[PDB]
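**Student:** Quick one: the structure is below, questions incoming.
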Amino acid sequence: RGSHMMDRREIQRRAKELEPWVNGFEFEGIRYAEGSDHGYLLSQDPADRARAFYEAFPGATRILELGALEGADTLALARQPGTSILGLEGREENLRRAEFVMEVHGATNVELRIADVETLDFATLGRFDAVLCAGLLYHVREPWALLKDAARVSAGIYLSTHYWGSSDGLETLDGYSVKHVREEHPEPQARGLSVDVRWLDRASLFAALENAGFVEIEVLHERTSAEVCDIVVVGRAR
Ligand SMILES: Nc1ncnc2c1ncn2[C@@H]1O[C@H](CSCC[C@H](N)C(=O)O)[C@@H](O)[C@H]1O
């Protein structure tokens, strides 16, 4: 066992101490921890997401990831030589798992930081070639503001989000049509940091992207229903 490797005993001990995991943890063919009942609602193919991300942003060498959870997408993005990733995560318990993942895998081109995207001054972060914003936009109170924050630091966003499939009866805030609800996402460790969230209807999601500066929007995937809809878009700004 190479001197750079964490002992399997320590991998096991720390993985167990870090339970409960959301997406589980396996290394060297050993399943140390299982994920949650609703982990299926989150990224389960980080390698495929990273491929799609780098198809969209082939030149990217400095990437910002928002809502890094247990570091699965962070690690997949970091496999590339010549890239550096900053992953922001709002829940300390999740961040500790992501930090463990990076240590086990020796992923030295990753930095992870605790941060609340609703209050962070994004102008302190520097510039990024692109922002990964997956599974997060429906966990904040003012989603349009998170998109503006991405545009403050980058000209590219890979956005995976839900939106609400109807406009009738929605509230209005900053001119956007919003479904304002208590934060009750089925996965407790995926929840936002406010008591409430606002979902957008489709028109308001696209307006919010445009108003942030992401004026070219490519739809990679969309699933529509009357209520919860899913979309993956690449937004590009001037
Ligand atoms: N205000 C906030 N600031 C920072 N992280 C937040 C946040 N609100 C929610 N999060 C984090 O964002 C993640 C949402 S779940 C999505 C995880 C991952 N991006 C994926 O696509 O599968 C969780 O790790 C959650 O703790």
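Simple scheme: letters A, B, ... for chains in structure tokens order, numbers from 1 for residues in each chain, numbers from 1 for ligands in the order shown.
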Need the shell around residue A:180: protein/DNA/RNA residues with any atom at most 12 Å away, counting only C-alpha atoms. Skip same-chain ones fewer than 4 positions apart. Format as a ChimeraX atom specification?
**Tutor:** /A:138-143,163-164,169-173,176,184,195-201
**Student:** Within 12 Å of residue A:72, counting only C-alpha atoms, which residues qualify if same-chain residues fewer than 2 places away don't, as number ranges by chain?
**Tutor:** A: 22-26, 42-50, 65, 67-70, 74-79, 87, 94-95, 97-102, 105, 107, 110, 134
**Student:** Residues within 12 Å of residue A:203, please, as a PyMOL selection string. Count only C-alpha atoms; anything in the same chain fewer than 6 positions from it doesn't count.
**Tutor:** chain A and resi 163-167+175-178+209-210
**Student:** Write to file, as a compact mmCIF listing (two decimals), in the first residue's frame, the residues of the selection just made, with N, CA and C atoms.
**Tutor:**
```
# COMPACT_ATOMS: atom_id res chain seq x y z
N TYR A 163 -37.93 23.89 -11.82
CA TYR A 163 -38.76 25.08 -11.89
C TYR A 163 -40.20 24.60 -11.80
N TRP A 164 -41.10 25.55 -11.57
CA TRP A 164 -42.51 25.23 -11.37
C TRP A 164 -43.28 25.33 -12.68
N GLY A 165 -44.11 24.34 -12.96
CA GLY A 165 -44.72 24.16 -14.26
C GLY A 165 -45.95 24.99 -14.56
N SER A 166 -46.39 25.85 -13.64
CA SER A 166 -47.57 26.68 -13.82
C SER A 166 -47.26 28.10 -13.36
N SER A 167 -47.94 29.08 -13.96
CA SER A 167 -47.81 30.48 -13.56
C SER A 167 -48.98 30.98 -12.73
N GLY A 175 -40.33 41.53 -10.00
CA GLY A 175 -40.93 41.29 -11.29
C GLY A 175 -40.99 39.85 -11.75
N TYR A 176 -40.46 38.91 -10.98
CA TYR A 176 -40.45 37.50 -11.35
C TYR A 176 -41.63 36.79 -10.71
N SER A 177 -42.17 35.81 -11.42
CA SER A 177 -43.23 34.98 -10.88
C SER A 177 -42.62 33.84 -10.07
N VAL A 178 -43.04 33.74 -8.81
CA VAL A 178 -42.38 32.89 -7.84
C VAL A 178 -43.40 32.04 -7.08
N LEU A 209 -32.07 34.49 -16.03
CA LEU A 209 -30.80 34.20 -16.69
C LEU A 209 -30.38 35.35 -17.59
N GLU A 210 -31.31 35.83 -18.42
CA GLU A 210 -31.00 36.93 -19.32
C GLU A 210 -30.61 38.17 -18.54
```
**Student:** In Å, how far is it from atom CA of residue A:233 to atom CA of residue A:162?
**Tutor:** 11.2 Å
**Student:** Using only C-alpha atoms and all ligand atoms, which of A:15, A:104, A:190, A:132 sits nearest ligand 1?
**Tutor:**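 Under the stated criterion, the closest residue is A:190.
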**Student:** Return as a PyMOL selection string the full set of residues in stretch 53-111 of chain A whose backbone-based DSSP assignment is strand (DSSP E or B).
**Tutor:** chain A and resi 62-66+84-89+110-111
**Student:** Counting only C-alpha atoms and all ligand atoms, which of A:205, A:228, A:217, A:137 gets nearest to ligand 1?
**Tutor:**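 For ligand 1, the nearest of the candidates is A:137.
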**Student:** Using DSSP on the backbone, list every residue of stretch 32-228 of chain A that comes out as alpha helix (DSSP H), and give them as JSON, numbers by chain.
**Tutor:** {"A": [46, 47, 48, 49, 50, 51, 52, 53, 54, 55, 56, 72, 73, 74, 75, 76, 77, 78, 92, 93, 94, 95, 96, 97, 98, 99, 100, 101, 102, 103, 104, 105, 143, 144, 145, 146, 147, 148, 149, 150, 151, 152, 153, 202, 203, 204, 205, 206, 207, 208, 209, 210, 211, 212]}
**Student:** Show which residues sit within 9 Å of residue A:84, as an MDAnalysis selection string. Count only C-alpha atoms, and ignore same-chain residues fewer than 4 positions away.
**Tutor:** chainID A and resid 61:64 77:78 80 108:111
**Student:** When you draw a straight line from atom 11 (C, counted along the ligand's line) of ligand 1 to atom CA of residue A:89, how long is it in Å?
**Tutor:**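 Atom 11 (C, counted along the ligand's line) of ligand 1 sits 5.5 Å away from atom CA of residue A:89.
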**Student:** Which neighbours of residue A:234 fall inside 10 Å, counting only C-alpha atoms, when residues of the same chain fewer than 5 positions from it are skipped, and could you give them as a PyMOL selection string?
**Tutor:** chain A and resi 52-53+56-57+130-132+156-160+214+216-220
**Student:** What gap, in Å, lies between atom CA of residue A:231 and atom CA of residue A:146?
**Tutor:**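 Computing it gives 16.6 Å between the two atoms.
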**Student:** Choose the residue, out of A:14, A:202, A:113, A:182, that has the smallest atom-to-atom separation from residue A:71; count only C-alpha atoms.
**Tutor:**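 Checking each of A:14, A:202, A:113, A:182 against residue A:71, counting only C-alpha atoms, the winner is A:113.
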**Student:** Using only C-alpha atoms, which residues sit within 8 Å of residue A:222 once same-chain residues fewer than 6 positions away are excluded, as JSON, numbers by chain?
**Tutor:** {"A": [229, 230, 231, 232]}
